[PDB]
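First the structure, in the form of structure tokens, and then the observations on it.
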Amino acid sequence: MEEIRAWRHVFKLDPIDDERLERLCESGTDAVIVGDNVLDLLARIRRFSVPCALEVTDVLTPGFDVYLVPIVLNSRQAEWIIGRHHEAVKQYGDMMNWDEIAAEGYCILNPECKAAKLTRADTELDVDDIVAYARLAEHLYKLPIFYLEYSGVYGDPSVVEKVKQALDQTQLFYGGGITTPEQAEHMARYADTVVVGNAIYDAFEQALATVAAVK
Amino acid sequence: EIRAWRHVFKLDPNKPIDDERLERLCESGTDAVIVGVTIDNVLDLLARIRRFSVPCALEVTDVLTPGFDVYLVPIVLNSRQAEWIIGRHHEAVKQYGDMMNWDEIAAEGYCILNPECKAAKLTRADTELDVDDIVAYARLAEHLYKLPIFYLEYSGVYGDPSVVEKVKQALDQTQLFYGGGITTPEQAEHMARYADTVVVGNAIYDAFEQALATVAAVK
Ligand SMILES: O=P(O)(O)OC[C@@H](O)CO
Ligand SMILES: O=P(O)(O)OC[C@@H](O)CO
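As given, the protein sequences belong to chains G and P, one line each in that order. My numbering puts the first residue of the first sequence at 23, with every later residue one more than the last. My numbering puts the first residue of the second sequence at 503, with every later residue one more than the last.
What follows is the structure, given as structure tokens:
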């Protein structure tokens, strides 16, 4: 599934037993995102028909359908915007297949999550701020994805609505604290693509139910 | 349609240029005139340029006035500071985003390679780069950020044509701009061999007759 525009629901993985992985991959979810050990999980996912993406956070493992490359737009440090990216392309640029690679314009909005701390993300943003990042991602930078990252916490659907209004061709991903079908549905009204991570490990039945709720 | 630009002149709105020179400049056959302090001064120069049909772009390096055909927005790719990569841009779009026509806006992925120029000092640009570094920046602009323009900035000095050659090899859909130290037709011709678009600035004020001759050398 290299056509990311059709994704409505995706699951994101970080141990996970075969039974849960099997149910996950056969759930009707549009993709499974992995965010030597990686190869093993990939091979296990390949037993199924679901598209498998690798979200690249370090300076590239073969076998995936899509490679998602975060750019932390609201990071106060150039290394999470261009630095690691430059280092990676300098080292591996000759052998990269860019047709398989999709940039994600991240806006990290949960101060308590590890990514926010690692990247020094300015999370204290009003809706005007986020809308401005969304415009930069589409109209200055030309990224296929703008990603609202609330990882660990559930955000405000009315904010997600405002961001979607500001976007046109750039796809809006939302992720963070979706644990019930109702939470999934509400974000999915506005976000193009809803991402469910943590609930997989803590409340599997409900995490699974988010697929049908998004439809 | 910036894709057809082969030669462009860049004017400093803070430096004076009399009407006769401005006329000869605008009717020289250049593909565009780029204005690169105050809004009163930018508009006044725009009003004067509008006497002619040459496309006029504004290069926004600080917070900006409507009326231009194209807005060229530098992003300093080789800056060590987030402010010159996205920060200042965010502040500007936050205030003026509602009134921007995105069809008129083109980001320029700048790679500043002259350590002695004012921009390199202000933006804290790492100019100490080998050709691989520069190519990687070009590739990022082409494939990751998908910016309309990649800009090799040598402002004040004439760069090396073999460098812009290799960078051009890495680009496809992103347009390659070159600017820096172009005074002679030979300098203009040689960069135009590899760069999609050649930018002539300082020579306008320091060597006007020579600046005008660069047009034909490219086109
Ligand atoms: O873990 P959760 O909160 O579901 O977040 C999903 C995804 O955005 C995490 O990167
Ligand atoms: O002043 P010169 O060296 O012509 O440079 C042209 C332009 O690239 C300046 O930003």
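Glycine residues also receive a C-beta, built at the ideal position from the N, C-alpha and C atoms.
Beta carbon of residue i nearer than 8 Å to that of residue j
i	j	result
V153 of chain G	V175 of chain G	no
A638 of chain P	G115 of chain G	yes
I93 of chain G	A75 of chain G	no
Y647 of chain P	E610 of chain P	no
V702 of chain P	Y680 of chain P	no
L545 of chain P	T563 of chain P	no
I26 of chain G	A124 of chain G	yes
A206 of chain G	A235 of chain G	yes
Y89 of chain G	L82 of chain G	yes
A53 of chain G	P84 of chain G	no
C619 of chain P	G658 of chain P	yes
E171 of chain G	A137 of chain G	yes
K670 of chain P	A697 of chain P	yes
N580 of chain P	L631 of chain P	yes
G57 of chain G	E77 of chain G	yes
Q99 of chain G	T145 of chain G	no
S530 of chain P	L714 of chain P	yes
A718 of chain P	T685 of chain P	no
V537 of chain P	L547 of chain P	yes
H645 of chain P	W102 of chain G	no
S97 of chain G	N132 of chain G	no
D87 of chain G	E24 of chain G	yes
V111 of chain G	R641 of chain P	yes
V665 of chain P	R508 of chain P	no
Within chain G, partners of residue i - CB distance below 7 Å
i	result
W604 of chain P	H161
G599 of chain P	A154 and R157
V595 of chain P	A154, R157 and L158
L646 of chain P	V91, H107 and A125
Neighbour list for residue i in chain P, Cβ cutoff strictly below 7 Å
i	result
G115 of chain G	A638 and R641
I103 of chain G	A584, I587 and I588
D150 of chain G	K596
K112 of chain G	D634, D635 and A638
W29 of chain G	What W29 of chain G touches in chain P: nothing, since even the nearest Cβ is about 20 Å away.
Through-space distance from residue j to residue i, alpha-carbon basis
i	j	result
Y656 of chain P	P576 of chain P	14 Å
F226 of chain G	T51 of chain G	14 Å
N616 of chain P	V218 of chain G	47 Å
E522 of chain P	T532 of chain P	16 Å
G682 of chain P	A559 of chain P	18 Å
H108 of chain G	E585 of chain P	18 Å
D148 of chain G	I588 of chain P	17 Å
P179 of chain G	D542 of chain P	43 Å
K512 of chain P	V535 of chain P	6 Å
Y598 of chain P	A156 of chain G	14 Å
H161 of chain G	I636 of chain P	24 Å
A705 of chain P	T192 of chain G	41 Å
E667 of chain P	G569 of chain P	35 Å
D520 of chain P	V91 of chain G	50 Å
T201 of chain G	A672 of chain P	45 Å
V572 of chain P	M693 of chain P	23 Å
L678 of chain P	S49 of chain G	46 Å
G197 of chain G	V510 of chain P	45 Å
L189 of chain G	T215 of chain G	14 Å
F70 of chain G	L64 of chain G	10 Å
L574 of chain P	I504 of chain P	10 Å
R66 of chain G	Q675 of chain P	38 Å
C135 of chain G	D600 of chain P	31 Å
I38 of chain G	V233 of chain G	19 Å
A621 of chain P	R590 of chain P	14 Å
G177 of chain G	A549 of chain P	48 Å
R695 of chain P	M602 of chain P	34 Å
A231 of chain G	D224 of chain G	14 Å
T79 of chain G	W29 of chain G	21 Å
Residue i: contacting residues in chain P (beta-carbon distance under 9 Å)
i	result
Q99 of chain G	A584
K184 of chain G	Correct list: empty, because the minimum Cβ distance to chain P is about 13 Å.
Neighbouring residues, chain G, relative to residue i (Cβ below 8 Å)
i	result
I607 of chain P	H161 and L162
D698 of chain P	The premise fails here: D698 of chain P is roughly 18 Å from chain G at the closest Cβ pair, so nothing lies under 8 Å.
Contact list for residue i against chain G, beta-carbon separation under 9 Å
i	result
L579 of chain P	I104 and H108
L673 of chain P	Chain G residues near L673 of chain P: none, gap ~13 Å exceeds 9 Å.
Contact list for residue i against chain P, beta-carbon separation under 8 Å
i	result
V181 of chain G	Under the 8 Å cutoff, chain P gives no residues; its nearest Cβ is about 15 Å from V181 of chain G.
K136 of chain G	Correct list: empty, because the minimum Cβ distance to chain P is about 20 Å.
Residue i beta carbon near ligand 4 (any heavy atom closer than 7 Å)
i	result
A159 of chain G	In terms of ligand content, the structure shown lacks ligand 4 and carries ligand 1 and ligand 2 instead.
Under 8 Å from the C-beta of residue i: neighbouring residues of chain B
i	result
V575 of chain P	Absent from the structure is chain B; the protein chains it does hold are G and P.
Checklist entry - How about the stretch 589-596 of chain P and the stretch 612-628 of chain P: do they share at least three Cβ pairs that are nearer than 8 Å? => result No contact exists between the stretch 589-596 of chain P and the stretch 612-628 of chain P.
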